[PDB]
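Written below as structure tokens is the structure these notes are about.
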Amino acid sequence: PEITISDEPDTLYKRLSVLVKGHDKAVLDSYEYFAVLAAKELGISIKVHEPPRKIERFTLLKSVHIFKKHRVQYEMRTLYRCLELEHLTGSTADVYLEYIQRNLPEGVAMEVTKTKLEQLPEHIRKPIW
Amino acid sequence: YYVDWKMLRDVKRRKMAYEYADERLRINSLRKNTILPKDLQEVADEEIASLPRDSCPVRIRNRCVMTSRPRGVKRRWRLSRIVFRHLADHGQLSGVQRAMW
Amino acid sequence: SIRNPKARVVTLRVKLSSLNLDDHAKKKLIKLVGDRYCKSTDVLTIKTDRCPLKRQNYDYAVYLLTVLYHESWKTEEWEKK
Amino acid sequence: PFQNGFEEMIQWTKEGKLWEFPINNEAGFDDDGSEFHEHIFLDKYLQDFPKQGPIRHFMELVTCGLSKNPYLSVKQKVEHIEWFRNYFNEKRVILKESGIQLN
Amino acid sequence: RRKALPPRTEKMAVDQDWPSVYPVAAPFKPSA
Amino acid sequence: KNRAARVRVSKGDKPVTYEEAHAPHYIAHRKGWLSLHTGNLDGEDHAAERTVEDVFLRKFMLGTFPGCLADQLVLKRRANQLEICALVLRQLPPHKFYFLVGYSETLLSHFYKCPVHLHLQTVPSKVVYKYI
Amino acid sequence: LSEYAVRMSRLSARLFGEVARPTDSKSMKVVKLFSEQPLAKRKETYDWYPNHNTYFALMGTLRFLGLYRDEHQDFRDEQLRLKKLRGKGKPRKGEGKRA
RNA sequence: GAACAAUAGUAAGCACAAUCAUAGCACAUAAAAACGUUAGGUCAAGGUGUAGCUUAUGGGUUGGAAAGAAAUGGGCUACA
Ligand SMILES: [Mg+2]
Ligand SMILES: [Mg+2]
Ligand SMILES: [Mg+2]
Ligand SMILES: [Mg+2]
Ligand SMILES: [Mg+2]
Ligand SMILES: [Mg+2]
Ligand SMILES: [Mg+2]
Ligand SMILES: [Mg+2]
Ligand SMILES: [Mg+2]
Ligand SMILES: [Mg+2]
Ligand SMILES: [Mg+2]
Ligand SMILES: [Mg+2]
Ligand SMILES: [Mg+2]
Ligand SMILES: [Mg+2]
């Protein structure tokens, strides 16, 4: 394993918001367990919650030719877990998330939002034009 | 082989429509403007009327990609109802369950 | 494909109270920006979409911030009108 | 030979077959090394055009359109404009005939 | 010529550490 | 009378796979999904492609591996790689099995332009869930 | 409505990069039009169908290279053989009608 | 081919029932509902057995259709 250190002042993250979409509630439970257990070992200080489930239903005809009295209806459920992490470094995020994503199960998707901390841009600091 | 002749026809209309897309766009821009002179717009009118009309967008028909059926297709899977159901009911379609509530 | 269109989008949250603004400059910037300013929480927001790459949207959002600040301090004729 | 599954993935990734982690969806697309002011600000390409004519109305519109357009490179945006230069310049006749003198 | 070899579960050491056996993402072989 | 993906009651002697014995209304209740991918979740794209793709791999595996296929073929998509699991009956002499492993992986990988992983679990005889 | 209001409006828009001078609801469609991806260009349209010739021909060759096995075309085959055998085949082009 | 103070019935299977879903109960609804019946529906979803077409019952381009004397099915809006 090769580590390098570059002089530049690595990025801070106030809040790292990680959403996992899924079909089966089980998979998202065990994955929560895994993520929390990874984070507890890396000193990451995290929370988790369950956002409201989405259920999308729609309707098809039940026969090939004609009985329109008769339909079938189908569903897709989308279940959510969100891991909300606070006060992370740049590298910390890169690694932790790398470990998360690498192990992402096949039935699930993940949506990451970082909120990054930057002091002030250079042309605004206290010049005025 | 595409499954039907109708499919060949519409494959080709897709390729056409990708071909001329920017001619269409550009020309139609003048044509849809109230700021330009009418004089420009008449000539341009003749110009989009000029280009082959198998290359026009609305002449395109989504079909079931496997089965070719012109109606009954569900946009997301680009499948006919019959084929879709057929798949979903062996369980070969992920995340689709028969809906109860 | 790893291409997801939704990724481009960048947001800026900036608290106006943390800003070096003149009285005149603050008020002019409020009127200037409009809805992107929340008058209750003082959070100026900028969403950027327009450009294919994330870095670009970052640059442009920074650009907008910069610009709005530079323009809020400039008094003009019609302002006195 | 492959000593382990980790070995496997490793060779895939060096090779370019596996993805990079953590994912940035813009990986592999550099967009020409362009920057935001090479998209948003289109003054460059409007330099040859009548400055007070309705032509400016129109082309300022097209400007705004292509300024807001994520799905195109700089080279294509340019091509649109140049197509309009070519187009308007090709018809001098119709410009003169509509009640405005156009350059 | 028919081949029946007993599963790895037969040679498995009761205390043998698991991640040795299943390091990465896997199909679930019932044999191993 | 729903004929959908169902297997009729015989004189009672007919061997039936656990999957073919569990009727469509049973998906997600007892039976699982034969494929897995992101595409049908709320905010997601390109579901169609993974469907065409899936279909073609059903036909492909049925055709490359004649008479030796046990139960329907289990596809998983993980981070751009395919994991194709199969229950395969033991008919072939093992050499041929590995020939076709290499053959399949390579061919598919170069077709779908993404790395494919193949797994054969070999079974002495079709598992019987019911009758027999 | 005021002039101050108007000048602020202009200022804001020309800043954020939206429409500059006052323009009709009609003409704005041009802006909307380039600002988008034209319908025919969307990958969700032109790439709609999988190339069918590719799958068909690839599995076809792969049949004769001995690798793939097509039960459908084998059924087809055997049937065609048994139809030509009984004495009804597919006429040499041009021969059938006039005779 | 049953009688339970029982008289020739036993039987795993598939149905019903039971459980699942409608985010905790319960009920309700949803779903499910075999064997057969109606030679019920559909060779225009697709696929096929038998037959036919092959300088054409095949493949393309350009136009053209979907008019109301009425008769009736279902809706919508009213009659305040
Ligand atoms: Mg249409
Ligand atoms: Mg019913
Ligand atoms: Mg319950
Ligand atoms: Mg009940
Ligand atoms: Mg019912
Ligand atoms: Mg029941
Ligand atoms: Mg009949
Ligand atoms: Mg009848
Ligand atoms: Mg037919
Ligand atoms: Mg036939
Ligand atoms: Mg004809
Ligand atoms: Mg016609
Ligand atoms: Mg009447
Ligand atoms: Mg009414």
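Residue numbers start at 1 in each chain; chains themselves are named A, B, ... in the order of the structure tokens; ligands are numbered from 1 in the order shown.
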Nearby residues, ligand 3, 12 Å, only C-alpha atoms (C1' of nucleotides) and all ligand atoms, as JSON, numbers by chain
{"H": [19, 20, 21, 22, 23, 24, 25, 26]}
As a quick test: using only C-alpha atoms (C1' of nucleotides) and all ligand atoms, which residues lie no more than 9 Å away from ligand 7? Give them as a PyMOL selection string.
chain H and resi 39-41
Just to be explicit: take each residue in the selection above, keep C-alpha atoms (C1' of nucleotides), and write the result as a PDB file, in the first residue's frame.
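So part_5.pdb came out as:
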```pdb
ATOM      1  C1'   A H  39     -65.051 -26.672 -30.355  1.00  0.00           C
ATOM      2  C1'   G H  40     -66.344 -19.179 -25.626  1.00  0.00           C
ATOM      3  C1'   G H  41     -62.113 -14.981 -27.235  1.00  0.00           C
TER       4        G H  41
END
```
Protein and nucleic acid residues within 9 Å of ligand 10 (only C-alpha atoms (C1' of nucleotides) and all ligand atoms) as a PDB file with N, CA, C and O atoms (P, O5', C5', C4', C3', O3' and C1' of nucleotides), in the first residue's frame:
```pdb
ATOM      1  N   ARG G  76     -37.503 -25.547 -37.323  1.00  0.00           N
ATOM      2  CA  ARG G  76     -37.705 -24.973 -38.648  1.00  0.00           C
ATOM      3  C   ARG G  76     -37.111 -25.876 -39.712  1.00  0.00           C
ATOM      4  O   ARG G  76     -37.801 -26.322 -40.624  1.00  0.00           O
ATOM      5  N   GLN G  79     -38.587 -29.469 -40.131  1.00  0.00           N
ATOM      6  CA  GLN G  79     -39.883 -29.296 -40.780  1.00  0.00           C
ATOM      7  C   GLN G  79     -39.744 -28.983 -42.282  1.00  0.00           C
ATOM      8  O   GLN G  79     -40.443 -29.579 -43.106  1.00  0.00           O
TER       9      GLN G  79
ATOM     10  P     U H  48     -42.267 -19.323 -36.148  1.00  0.00           P
ATOM     11  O5'   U H  48     -42.328 -20.918 -36.173  1.00  0.00           O
ATOM     12  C5'   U H  48     -43.426 -21.608 -36.758  1.00  0.00           C
ATOM     13  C4'   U H  48     -44.085 -22.558 -35.782  1.00  0.00           C
ATOM     14  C3'   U H  48     -45.179 -23.445 -36.376  1.00  0.00           C
ATOM     15  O3'   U H  48     -44.673 -24.633 -36.971  1.00  0.00           O
ATOM     16  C1'   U H  48     -46.046 -22.323 -34.510  1.00  0.00           C
ATOM     17  P     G H  49     -44.790 -24.889 -38.556  1.00  0.00           P
ATOM     18  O5'   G H  49     -45.581 -26.272 -38.648  1.00  0.00           O
ATOM     19  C5'   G H  49     -45.376 -27.313 -37.695  1.00  0.00           C
ATOM     20  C4'   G H  49     -46.583 -28.225 -37.585  1.00  0.00           C
ATOM     21  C3'   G H  49     -47.367 -28.450 -38.876  1.00  0.00           C
ATOM     22  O3'   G H  49     -46.791 -29.420 -39.747  1.00  0.00           O
ATOM     23  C1'   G H  49     -48.869 -27.833 -37.180  1.00  0.00           C
ATOM     24  P     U H  50     -46.562 -29.097 -41.316  1.00  0.00           P
ATOM     25  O5'   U H  50     -48.025 -29.159 -41.927  1.00  0.00           O
ATOM     26  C5'   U H  50     -48.904 -30.228 -41.611  1.00  0.00           C
ATOM     27  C4'   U H  50     -50.272 -29.956 -42.166  1.00  0.00           C
ATOM     28  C3'   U H  50     -50.282 -29.429 -43.592  1.00  0.00           C
ATOM     29  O3'   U H  50     -50.146 -30.448 -44.564  1.00  0.00           O
ATOM     30  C1'   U H  50     -51.643 -28.054 -42.264  1.00  0.00           C
TER      31        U H  50
END
```
Taking only C-alpha atoms (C1' of nucleotides) and all ligand atoms and a cut-off of 12 Å, can you tell me which residues surround ligand 13, written as an NGL selection string?
:H and (70-73)
Distance query residue 73 of chain C at most 8 Å, only C-alpha atoms (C1' of nucleotides), self and fewer than 3 positions along chain excluded, as number ranges by chain:
A: 128; C: 21-22, 24-25, 69-70
Mind listing as a ChimeraX atom specification which residues of chain F are within 10 Å of chain B, counting only C-alpha atoms?
/F:4-6,19-20,22-29,31-41,45-52,54-55,58,72-76
Return the neighbours of chain F among the residues of chain G, cut-off 8 Å, counting only C-alpha atoms, as a PDB file with N, CA, C and O atoms, in the first residue's frame.
```pdb
ATOM      1  N   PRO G  50     -32.617  -2.035 -30.240  1.00  0.00           N
ATOM      2  CA  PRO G  50     -31.368  -2.801 -30.328  1.00  0.00           C
ATOM      3  C   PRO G  50     -31.107  -3.158 -31.773  1.00  0.00           C
ATOM      4  O   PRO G  50     -32.082  -3.481 -32.454  1.00  0.00           O
ATOM      5  N   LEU G  67     -20.918 -23.546 -31.867  1.00  0.00           N
ATOM      6  CA  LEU G  67     -21.002 -23.164 -30.468  1.00  0.00           C
ATOM      7  C   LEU G  67     -22.442 -22.990 -30.007  1.00  0.00           C
ATOM      8  O   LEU G  67     -22.913 -23.710 -29.127  1.00  0.00           O
ATOM      9  N   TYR G  68     -23.139 -22.028 -30.588  1.00  0.00           N
ATOM     10  CA  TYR G  68     -24.538 -21.822 -30.251  1.00  0.00           C
ATOM     11  C   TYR G  68     -25.397 -22.952 -30.798  1.00  0.00           C
ATOM     12  O   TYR G  68     -25.033 -23.624 -31.763  1.00  0.00           O
ATOM     13  N   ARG G  69     -26.536 -23.170 -30.159  1.00  0.00           N
ATOM     14  CA  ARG G  69     -27.477 -24.160 -30.638  1.00  0.00           C
ATOM     15  C   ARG G  69     -28.904 -23.621 -30.632  1.00  0.00           C
ATOM     16  O   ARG G  69     -29.467 -23.358 -29.571  1.00  0.00           O
ATOM     17  N   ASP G  70     -29.493 -23.494 -31.821  1.00  0.00           N
ATOM     18  CA  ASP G  70     -30.812 -22.875 -31.990  1.00  0.00           C
ATOM     19  C   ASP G  70     -31.884 -23.949 -32.193  1.00  0.00           C
ATOM     20  O   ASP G  70     -31.959 -24.562 -33.256  1.00  0.00           O
ATOM     21  N   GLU G  71     -32.724 -24.158 -31.184  1.00  0.00           N
ATOM     22  CA  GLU G  71     -33.701 -25.240 -31.218  1.00  0.00           C
ATOM     23  C   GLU G  71     -34.832 -24.875 -32.156  1.00  0.00           C
ATOM     24  O   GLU G  71     -35.449 -25.738 -32.788  1.00  0.00           O
TER      25      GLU G  71
END
```
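Using only C-alpha atoms, the part of chain E that sits within 10 Å of chain D is made up of residues 22, 23, 24, 25 and 26 of chain E.
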Once you count only C-alpha atoms (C1' of nucleotides) and all ligand atoms, which residues end up within 9 Å of ligand 9, and could you hand them over as JSON, numbers by chain?
{"H": [43, 44, 46, 47, 48]}
Could those selected residues go to a file with N, CA, C and O atoms (P, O5', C5', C4', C3', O3' and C1' of nucleotides), as a PDB file, in the first residue's frame?
```
ATOM      1  P     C H  43     -57.284 -13.591 -35.074  1.00  0.00           P
ATOM      2  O5'   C H  43     -55.839 -14.227 -35.235  1.00  0.00           O
ATOM      3  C5'   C H  43     -55.422 -14.748 -36.490  1.00  0.00           C
ATOM      4  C4'   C H  43     -53.989 -15.213 -36.444  1.00  0.00           C
ATOM      5  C3'   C H  43     -53.301 -15.302 -37.799  1.00  0.00           C
ATOM      6  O3'   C H  43     -51.953 -14.842 -37.679  1.00  0.00           O
ATOM      7  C1'   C H  43     -53.323 -17.448 -36.758  1.00  0.00           C
ATOM      8  P     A H  44     -51.420 -13.537 -38.479  1.00  0.00           P
ATOM      9  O5'   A H  44     -52.677 -12.588 -38.757  1.00  0.00           O
ATOM     10  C5'   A H  44     -53.532 -12.101 -37.726  1.00  0.00           C
ATOM     11  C4'   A H  44     -52.857 -11.145 -36.790  1.00  0.00           C
ATOM     12  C3'   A H  44     -53.614 -10.960 -35.478  1.00  0.00           C
ATOM     13  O3'   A H  44     -52.693 -10.551 -34.454  1.00  0.00           O
ATOM     14  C1'   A H  44     -53.573  -8.927 -36.621  1.00  0.00           C
ATOM     15  P     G H  46     -47.967  -9.954 -34.322  1.00  0.00           P
ATOM     16  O5'   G H  46     -46.974 -10.933 -33.553  1.00  0.00           O
ATOM     17  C5'   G H  46     -45.670 -10.507 -33.203  1.00  0.00           C
ATOM     18  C4'   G H  46     -44.953 -11.538 -32.375  1.00  0.00           C
ATOM     19  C3'   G H  46     -44.768 -12.910 -33.010  1.00  0.00           C
ATOM     20  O3'   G H  46     -43.677 -12.969 -33.926  1.00  0.00           O
ATOM     21  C1'   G H  46     -45.601 -13.172 -30.825  1.00  0.00           C
ATOM     22  P     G H  47     -43.697 -13.946 -35.213  1.00  0.00           P
ATOM     23  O5'   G H  47     -43.740 -15.407 -34.586  1.00  0.00           O
ATOM     24  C5'   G H  47     -42.639 -15.891 -33.835  1.00  0.00           C
ATOM     25  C4'   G H  47     -42.964 -17.164 -33.093  1.00  0.00           C
ATOM     26  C3'   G H  47     -43.341 -18.361 -33.944  1.00  0.00           C
ATOM     27  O3'   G H  47     -42.229 -18.980 -34.574  1.00  0.00           O
ATOM     28  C1'   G H  47     -44.823 -18.198 -32.119  1.00  0.00           C
ATOM     29  P     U H  48     -42.267 -19.323 -36.148  1.00  0.00           P
ATOM     30  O5'   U H  48     -42.328 -20.918 -36.173  1.00  0.00           O
ATOM     31  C5'   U H  48     -43.426 -21.608 -36.758  1.00  0.00           C
ATOM     32  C4'   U H  48     -44.085 -22.558 -35.782  1.00  0.00           C
ATOM     33  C3'   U H  48     -45.179 -23.445 -36.376  1.00  0.00           C
ATOM     34  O3'   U H  48     -44.673 -24.633 -36.971  1.00  0.00           O
ATOM     35  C1'   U H  48     -46.046 -22.323 -34.510  1.00  0.00           C
TER      36        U H  48
END
```
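Between atom CA of residue 46 of chain C and atom CA of residue 14 of chain C there is a distance of 8.8 Å.
With only C-alpha atoms (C1' of nucleotides) and all ligand atoms counted, the chains near ligand 4 contribute these residues within 10 Å: residues 27, 28, 29 and 30 of chain H.
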Which residues are near ligand 11 - at most 9 Å, using only C-alpha atoms (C1' of nucleotides) and all ligand atoms? Format: as a PDB file with C-alpha atoms (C1' of nucleotides), in the first residue's frame.
```
ATOM      1  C1'   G H  58     -43.840 -10.131 -51.505  1.00  0.00           C
ATOM      2  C1'   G H  59     -41.108  -5.057 -50.768  1.00  0.00           C
ATOM      3  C1'   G H  60     -41.259   0.300 -51.573  1.00  0.00           C
TER       4        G H  60
END
```
Write out as a PyMOL selection string all residues of segment 29-77 of chain C that DSSP puts in strand (DSSP E or B) for this structure's backbone.
chain C and resi 37+43-48
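Among the candidate residues H:65, H:53, H:45, H:33, the one lying nearest to ligand 5 is H:33, with distances computed using only C-alpha atoms (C1' of nucleotides) and all ligand atoms.
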